[PDB]
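A.B. asks: This is the structure, below, for whatever I ask next.
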Amino acid sequence: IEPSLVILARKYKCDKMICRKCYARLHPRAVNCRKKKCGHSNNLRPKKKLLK
Amino acid sequence: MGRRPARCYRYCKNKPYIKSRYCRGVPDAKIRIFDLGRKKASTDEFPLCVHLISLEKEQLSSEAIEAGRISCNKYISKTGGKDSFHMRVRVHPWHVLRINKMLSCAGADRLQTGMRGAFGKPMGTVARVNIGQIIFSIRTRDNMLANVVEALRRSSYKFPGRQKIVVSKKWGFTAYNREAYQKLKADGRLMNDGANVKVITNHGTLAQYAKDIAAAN
Amino acid sequence: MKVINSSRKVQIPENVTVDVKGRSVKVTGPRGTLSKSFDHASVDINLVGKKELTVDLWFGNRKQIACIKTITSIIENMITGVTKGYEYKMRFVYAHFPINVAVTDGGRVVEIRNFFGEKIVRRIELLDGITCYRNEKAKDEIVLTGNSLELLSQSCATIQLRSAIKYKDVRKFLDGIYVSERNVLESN
Amino acid sequence: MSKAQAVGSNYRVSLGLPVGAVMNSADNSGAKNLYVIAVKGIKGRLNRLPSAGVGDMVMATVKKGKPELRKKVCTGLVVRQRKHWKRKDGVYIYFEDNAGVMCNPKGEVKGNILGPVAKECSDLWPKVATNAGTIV
RNA sequence: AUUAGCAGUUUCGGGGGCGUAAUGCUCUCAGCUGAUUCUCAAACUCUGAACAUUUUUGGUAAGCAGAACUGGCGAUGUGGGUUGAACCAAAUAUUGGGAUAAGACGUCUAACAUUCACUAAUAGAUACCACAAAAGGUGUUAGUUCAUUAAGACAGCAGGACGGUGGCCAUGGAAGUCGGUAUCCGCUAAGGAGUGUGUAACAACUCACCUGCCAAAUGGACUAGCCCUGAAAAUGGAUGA
RNA sequence: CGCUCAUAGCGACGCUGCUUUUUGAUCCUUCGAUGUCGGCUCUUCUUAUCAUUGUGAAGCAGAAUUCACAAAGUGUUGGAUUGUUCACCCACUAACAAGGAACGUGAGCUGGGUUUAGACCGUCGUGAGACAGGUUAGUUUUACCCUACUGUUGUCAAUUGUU
RNA sequence: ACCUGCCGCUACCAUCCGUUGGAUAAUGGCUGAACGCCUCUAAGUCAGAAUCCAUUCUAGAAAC
């Protein structure tokens, strides 16, 4: 349950990809910043993961 | 540069000042070393050539050149073995930049050593190019090409203006293509001199290959 | 430059009906009379037989053509809803401060009492045509069923958003309401 | 610092003087004077003294006292403002002359508080209330 | 002025195994000389060019300073560039009609029709001229290259994704996957001593890799047109409106 | 660099920029005189947002920070020292962020400096005298005009009936 | 001159009073194509700042 729900939670928040400009959380298999101000950067960190 | 930001030494103007018998305070260039990799490696063993070339006439600094070289230096383990690597730049910063300094840096108004006798001490050593003159070259084997272009890519950022990368149809540092540069080996009329080539001499030489035979060895 | 578009289309079975009088459509079936409007990027649509439904477009861009597919998809979804309801089974998570959600149907509102020690109510009015039952297993799972995919889903999303903290880390609290199973359709 | 008021802040600000006013130490510790540097919580504006508390904590100094206590700043507590005020009540407490005590940065008064102490101050700072038999 | 190796050497410089140190063999260094290549020189050349614009000197540059040719405000305005000493049209007696010039032709404001593409941007809109760059962009338009594909594809989803074997190392252990190395073969349509996730570590999943179905296109890499990002400064605000 | 890990946070060597809040370069305007600097006073303005609010990141468990965006709506202090901005400590604070506006503001101020006459000291000078060398004392004039602004009368004579 | 001292004027040197709707930004989504998947976006749209604009408040047009 808690493992089956924590994963779900992660999927909705922690396991998406941020930008290296707008820091904007896109979606887990993203490829562009999807913003006008950025210019759809195409430079994307995956948002961090932690046990704590 | 150190005394300047390279925005005043972006574009070619004024006739060439150099390290001469008229100048003398002229500093030493930021690189006097221009090759990287196996210089022992043969003309024949490496048959792959990429160039870097500006599209606009611009004065590349010696420091800039150095920086460019030490991308391609570090893109070598990433490439795969320094053995399969040559480089030569082929643009030596011969020409020198003048700087009349502004004596005021924290305060104090000249109008006495202002803009009168205000002729540059030479500081800056730099190279001119045009709209296609080469600024880096890489001989290599046909293994590395996406590697070398990436090194060049890095190099592109370290240089002012819009550059370009073209792969020559030659064997790298040679005036023959490949269609030609097998016929020389195949027919066997080539003559070798380490990193260079020679070719036998019929329409190359005639007055000294008239009554001669040592000219077909 | 102009690459020429064309019609996608959608199939309408014989337990459901469709009208369309002025490029705007109201599909009807056993669940209800679910509606959505179109014509807005000069998007032409016409019905041929009580079986097909087609969105015609033959002069435009890629942009224009993108719309055509989307509209069709939407109508398909609507049809599906009208046949049998879209189900959104959410599940919440907390037991240090157990997350406690309550409801009213008819008025169609959901309210969250305890949530990460929040002593407030977070009331959020569901859109019209959304019911909510809950076969809970261990103080978890709410379901929201509805007919219009587009609206029910939105409502669910809103609810989810409401069960979220805006300060401190997100890997701290891994708690709130979370949609386990969307795009779920009951067996009729 | 500290800070703990109250419930409320026992209502409005009143002072005997702001910055640069002597008030007696009223303390068994050999501070004999207390001179204000400034007052805590005064955010203030353009040209306006950081003004004395009604029973609130102040940045102060021992100007004339023990030499050990002399120099070195000290958080204090105002106890009685010569200059007057109305309370939520309809009385006007007013005193002989200004006074306070040198204190800890958790508010706590050191020895025992001498003389009369306005009740507001006591309310504000429980230690004050504890360490006196006059709270008028 | 100045880079690169190559060749013949050097008991004529020096040090290593051999040899008298060796300059002899086998290595590197130093110097000379011979054949080639890199880049090149206002004060060099074997050789050689018919305030505005063009050339040019100093200057980080300036509406800075300084030259050349010619053109311009001086007895030279008019029409145009929103407005303006220098840009264009073009020269000024007083007139009328005509037809043009530069420049415009939604409305300001005399002056319109057509036809094709592009852009969707608080954008963009009359050289000078009142600013924009490097670098980004799965915005859209155009285009070039090579590749995949009826041995049936792309994208997707469905199935399979084995053994020698826990290869050798490190290592209770790390077995494809702390980390490192070699990285080989059997059987098969099919499977790297393995892309990641994960596991104390194995596994599990996922990938590479193969087939099912759907049913015809697909994939990369650049190139340049417009648009966007970059792109902040001070009274309210200027494609002239 | 950062245990690991180029870009969380930094970021060498190198390149492109903006800016007119430094100072220089400049000498186009003013020498038939724009009243030079500072501080008090006060509005308004710009954002390159210090706080605030709403957000997104982190090497973000929490508190505490750090980075990014929208955003100038509102806030952005009391002293000591110095002619003083600049400066330099103490003190509170949500924060004590940057600036502009003829280096905002002398018919609004004082004149602290700087800039005259008197003097002192030092140094330099045969001396008269010089000194971004110090020191000390050294008249801040005029609005009754035009406008702009504050508040106030008057007009609203085609705001249509003598109102 | 001094002590009182009224009316009055006045002191966070006293007292009382300073609201609520839609519209958006960033941003988080929803359905959802372009591009069978996938995507906050292209069509379409949900939430949402001290913001925006109204509400409230001052003046009241050669305006009725």
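Quick note on naming: the chains in the structure tokens go A, B, ... in the order shown, residues restart at 1 in each chain, and ligands are numbered from 1 in order of appearance.
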Got a sec: who's within 12 Å of residue 15 in chain C, counting only C-alpha atoms (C1' of nucleotides), leaving out chain neighbours fewer than 3 positions off, as a PyMOL selection string?

C.D. replies: chain C and resi 11-12+18+27-31+50-51+79-80+82-84

A.B. asks: Report the residues of range 10-178 of chain C whose backbone DSSP state falls under alpha helix (DSSP H), written as an MDAnalysis selection string.

C.D. replies: chainID C and resid 62:83 149:162

A.B. asks: Output N, CA and C atoms for every residue in the selection just made, as an mmCIF file, in the first residue's frame.

C.D. replies:
data_model
loop_
_atom_site.group_PDB
_atom_site.id
_atom_site.type_symbol
_atom_site.label_atom_id
_atom_site.label_comp_id
_atom_site.auth_asym_id
_atom_site.auth_seq_id
_atom_site.Cartn_x
_atom_site.Cartn_y
_atom_site.Cartn_z
ATOM 1 N N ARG C 62 -1.006 22.755 -40.922
ATOM 2 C CA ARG C 62 -0.890 21.720 -39.917
ATOM 3 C C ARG C 62 -1.690 22.074 -38.673
ATOM 4 N N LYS C 63 -1.648 23.346 -38.292
ATOM 5 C CA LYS C 63 -2.312 23.866 -37.114
ATOM 6 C C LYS C 63 -3.813 23.553 -37.171
ATOM 7 N N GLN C 64 -4.374 23.865 -38.337
ATOM 8 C CA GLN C 64 -5.809 23.676 -38.576
ATOM 9 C C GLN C 64 -6.161 22.199 -38.431
ATOM 10 N N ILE C 65 -5.318 21.362 -39.036
ATOM 11 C CA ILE C 65 -5.542 19.914 -39.046
ATOM 12 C C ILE C 65 -5.445 19.275 -37.674
ATOM 13 N N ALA C 66 -4.576 19.870 -36.831
ATOM 14 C CA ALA C 66 -4.417 19.440 -35.443
ATOM 15 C C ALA C 66 -5.754 19.508 -34.711
ATOM 16 N N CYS C 67 -6.477 20.613 -34.939
ATOM 17 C CA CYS C 67 -7.763 20.857 -34.322
ATOM 18 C C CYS C 67 -8.738 19.758 -34.680
ATOM 19 N N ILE C 68 -8.738 19.341 -35.940
ATOM 20 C CA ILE C 68 -9.730 18.432 -36.482
ATOM 21 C C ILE C 68 -9.748 17.131 -35.688
ATOM 22 N N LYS C 69 -8.539 16.615 -35.474
ATOM 23 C CA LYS C 69 -8.380 15.334 -34.760
ATOM 24 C C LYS C 69 -8.923 15.478 -33.338
ATOM 25 N N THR C 70 -8.546 16.600 -32.727
ATOM 26 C CA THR C 70 -8.824 16.837 -31.304
ATOM 27 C C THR C 70 -10.315 16.840 -31.060
ATOM 28 N N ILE C 71 -11.021 17.559 -31.925
ATOM 29 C CA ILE C 71 -12.483 17.691 -31.852
ATOM 30 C C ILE C 71 -13.132 16.314 -31.909
ATOM 31 N N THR C 72 -12.656 15.532 -32.876
ATOM 32 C CA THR C 72 -13.149 14.171 -33.109
ATOM 33 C C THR C 72 -12.982 13.328 -31.853
ATOM 34 N N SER C 73 -11.786 13.434 -31.286
ATOM 35 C CA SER C 73 -11.413 12.698 -30.073
ATOM 36 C C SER C 73 -12.370 13.043 -28.941
ATOM 37 N N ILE C 74 -12.605 14.344 -28.800
ATOM 38 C CA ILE C 74 -13.477 14.884 -27.754
ATOM 39 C C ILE C 74 -14.884 14.292 -27.910
ATOM 40 N N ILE C 75 -15.353 14.296 -29.154
ATOM 41 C CA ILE C 75 -16.705 13.788 -29.404
ATOM 42 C C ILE C 75 -16.794 12.311 -29.092
ATOM 43 N N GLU C 76 -15.750 11.568 -29.438
ATOM 44 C CA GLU C 76 -15.661 10.136 -29.140
ATOM 45 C C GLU C 76 -15.778 9.905 -27.636
ATOM 46 N N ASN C 77 -15.017 10.712 -26.904
ATOM 47 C CA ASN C 77 -14.984 10.650 -25.439
ATOM 48 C C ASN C 77 -16.374 10.873 -24.869
ATOM 49 N N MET C 78 -17.025 11.897 -25.404
ATOM 50 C CA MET C 78 -18.385 12.279 -24.993
ATOM 51 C C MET C 78 -19.337 11.114 -25.193
ATOM 52 N N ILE C 79 -19.224 10.508 -26.366
ATOM 53 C CA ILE C 79 -20.054 9.361 -26.758
ATOM 54 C C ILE C 79 -19.880 8.225 -25.752
ATOM 55 N N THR C 80 -18.615 7.964 -25.444
ATOM 56 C CA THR C 80 -18.235 6.905 -24.505
ATOM 57 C C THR C 80 -18.884 7.153 -23.142
ATOM 58 N N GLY C 81 -18.782 8.403 -22.710
ATOM 59 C CA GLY C 81 -19.335 8.850 -21.431
ATOM 60 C C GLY C 81 -20.830 8.593 -21.386
ATOM 61 N N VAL C 82 -21.486 8.969 -22.481
ATOM 62 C CA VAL C 82 -22.940 8.818 -22.617
ATOM 63 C C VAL C 82 -23.417 7.361 -22.617
ATOM 64 N N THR C 83 -22.548 6.504 -23.167
ATOM 65 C CA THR C 83 -22.758 5.046 -23.106
ATOM 66 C C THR C 83 -22.631 4.496 -21.685
ATOM 67 N N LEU C 149 -16.119 13.282 -19.532
ATOM 68 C CA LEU C 149 -14.699 13.084 -19.232
ATOM 69 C C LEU C 149 -14.056 14.394 -18.819
ATOM 70 N N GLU C 150 -14.180 15.378 -19.709
ATOM 71 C CA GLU C 150 -13.493 16.666 -19.607
ATOM 72 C C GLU C 150 -13.704 17.408 -18.298
ATOM 73 N N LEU C 151 -14.849 17.193 -17.657
ATOM 74 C CA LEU C 151 -15.255 17.992 -16.511
ATOM 75 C C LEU C 151 -14.930 17.278 -15.210
ATOM 76 N N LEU C 152 -15.273 15.996 -15.182
ATOM 77 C CA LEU C 152 -15.011 15.116 -14.037
ATOM 78 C C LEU C 152 -13.527 15.108 -13.704
ATOM 79 N N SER C 153 -12.749 14.925 -14.766
ATOM 80 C CA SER C 153 -11.280 14.874 -14.675
ATOM 81 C C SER C 153 -10.750 16.161 -14.066
ATOM 82 N N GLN C 154 -11.271 17.265 -14.574
ATOM 83 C CA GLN C 154 -10.902 18.615 -14.129
ATOM 84 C C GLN C 154 -11.152 18.754 -12.627
ATOM 85 N N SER C 155 -12.342 18.313 -12.237
ATOM 86 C CA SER C 155 -12.786 18.365 -10.841
ATOM 87 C C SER C 155 -11.814 17.590 -9.952
ATOM 88 N N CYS C 156 -11.477 16.397 -10.427
ATOM 89 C CA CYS C 156 -10.556 15.500 -9.725
ATOM 90 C C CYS C 156 -9.214 16.180 -9.510
ATOM 91 N N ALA C 157 -8.739 16.794 -10.586
ATOM 92 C CA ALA C 157 -7.458 17.512 -10.607
ATOM 93 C C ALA C 157 -7.462 18.603 -9.566
ATOM 94 N N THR C 158 -8.565 19.357 -9.536
ATOM 95 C CA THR C 158 -8.741 20.461 -8.589
ATOM 96 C C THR C 158 -8.605 19.953 -7.154
ATOM 97 N N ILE C 159 -9.301 18.849 -6.910
ATOM 98 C CA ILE C 159 -9.320 18.194 -5.595
ATOM 99 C C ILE C 159 -7.898 17.824 -5.178
ATOM 100 N N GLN C 160 -7.197 17.221 -6.128
ATOM 101 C CA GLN C 160 -5.815 16.772 -5.937
ATOM 102 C C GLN C 160 -4.931 17.954 -5.535
ATOM 103 N N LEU C 161 -5.104 19.034 -6.281
ATOM 104 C CA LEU C 161 -4.351 20.275 -6.070
ATOM 105 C C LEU C 161 -4.579 20.793 -4.657
ATOM 106 N N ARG C 162 -5.850 20.794 -4.273
ATOM 107 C CA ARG C 162 -6.277 21.247 -2.945
ATOM 108 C C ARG C 162 -5.584 20.439 -1.859
#

A.B. asks: What residues in chain B lie within 7 Å of chain F, counting only C-alpha atoms (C1' of nucleotides), written as a count of residues only?

C.D. replies: 10

A.B. asks: For residue 15 in chain D, work out the shell of residues within 10 Å, counting only C-alpha atoms (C1' of nucleotides) and skipping chain neighbours fewer than 4 positions away, then give it as a PyMOL selection string.

C.D. replies: (chain D and resi 51-55+78+80-85+98) or (chain G and resi 13)

A.B. asks: Restrict the selected residues to N, CA and C atoms (P, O5', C5', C4', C3', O3' and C1' of nucleotides) and save them as a PDB file, in the first residue's frame.

C.D. replies:
ATOM      1  N   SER D  51      11.710  54.900  20.730  1.00  0.00           N
ATOM      2  CA  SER D  51      11.036  55.542  21.848  1.00  0.00           C
ATOM      3  C   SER D  51      10.748  54.585  22.963  1.00  0.00           C
ATOM      4  N   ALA D  52      10.743  55.087  24.199  1.00  0.00           N
ATOM      5  CA  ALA D  52      10.709  54.199  25.367  1.00  0.00           C
ATOM      6  C   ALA D  52       9.463  53.292  25.397  1.00  0.00           C
ATOM      7  N   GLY D  53       9.672  52.075  25.897  1.00  0.00           N
ATOM      8  CA  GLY D  53       8.599  51.132  26.121  1.00  0.00           C
ATOM      9  C   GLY D  53       7.735  51.541  27.303  1.00  0.00           C
ATOM     10  N   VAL D  54       6.541  50.963  27.340  1.00  0.00           N
ATOM     11  CA  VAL D  54       5.618  51.115  28.471  1.00  0.00           C
ATOM     12  C   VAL D  54       6.030  50.071  29.539  1.00  0.00           C
ATOM     13  N   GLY D  55       6.314  48.856  29.080  1.00  0.00           N
ATOM     14  CA  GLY D  55       6.946  47.811  29.881  1.00  0.00           C
ATOM     15  C   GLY D  55       7.856  46.910  29.055  1.00  0.00           C
ATOM     16  N   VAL D  78      11.881  48.459  31.092  1.00  0.00           N
ATOM     17  CA  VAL D  78      11.239  49.653  31.619  1.00  0.00           C
ATOM     18  C   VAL D  78      10.151  49.258  32.612  1.00  0.00           C
ATOM     19  N   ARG D  80       8.667  52.051  35.085  1.00  0.00           N
ATOM     20  CA  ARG D  80       7.773  53.178  35.337  1.00  0.00           C
ATOM     21  C   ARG D  80       8.190  54.435  34.567  1.00  0.00           C
ATOM     22  N   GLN D  81       7.279  54.932  33.720  1.00  0.00           N
ATOM     23  CA  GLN D  81       7.494  56.110  32.877  1.00  0.00           C
ATOM     24  C   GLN D  81       6.952  57.339  33.564  1.00  0.00           C
ATOM     25  N   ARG D  82       7.864  58.184  34.033  1.00  0.00           N
ATOM     26  CA  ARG D  82       7.536  59.515  34.536  1.00  0.00           C
ATOM     27  C   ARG D  82       6.387  60.118  33.727  1.00  0.00           C
ATOM     28  N   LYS D  83       6.577  60.203  32.409  1.00  0.00           N
ATOM     29  CA  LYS D  83       5.562  60.743  31.506  1.00  0.00           C
ATOM     30  C   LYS D  83       4.435  59.710  31.319  1.00  0.00           C
ATOM     31  N   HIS D  84       3.211  60.234  31.347  1.00  0.00           N
ATOM     32  CA  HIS D  84       1.961  59.503  31.668  1.00  0.00           C
ATOM     33  C   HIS D  84       1.281  58.721  30.530  1.00  0.00           C
ATOM     34  N   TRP D  85       0.226  57.973  30.899  1.00  0.00           N
ATOM     35  CA  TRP D  85      -0.664  57.291  29.936  1.00  0.00           C
ATOM     36  C   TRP D  85      -2.032  56.876  30.460  1.00  0.00           C
ATOM     37  N   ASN D  98      11.304  58.353  35.892  1.00  0.00           N
ATOM     38  CA  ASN D  98      11.451  57.149  35.099  1.00  0.00           C
ATOM     39  C   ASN D  98      12.248  56.075  35.856  1.00  0.00           C
TER      40      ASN D  98
ATOM     41  P     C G  13       2.780  61.201  19.931  1.00  0.00           P
ATOM     42  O5'   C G  13       2.781  61.964  21.332  1.00  0.00           O
ATOM     43  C5'   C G  13       3.091  61.251  22.547  1.00  0.00           C
ATOM     44  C4'   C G  13       2.453  61.891  23.763  1.00  0.00           C
ATOM     45  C3'   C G  13       0.944  62.142  23.733  1.00  0.00           C
ATOM     46  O3'   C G  13       0.224  61.145  24.456  1.00  0.00           O
ATOM     47  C1'   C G  13       2.169  63.839  24.931  1.00  0.00           C
TER      48        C G  13
END

A.B. asks: Which distance in Å separates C1' of residue 236 in chain E and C1' of residue 101 in chain F, to one decimal?

C.D. replies: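 Pair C1' of residue 236 in chain E / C1' of residue 101 in chain F returns 14.2 Å.
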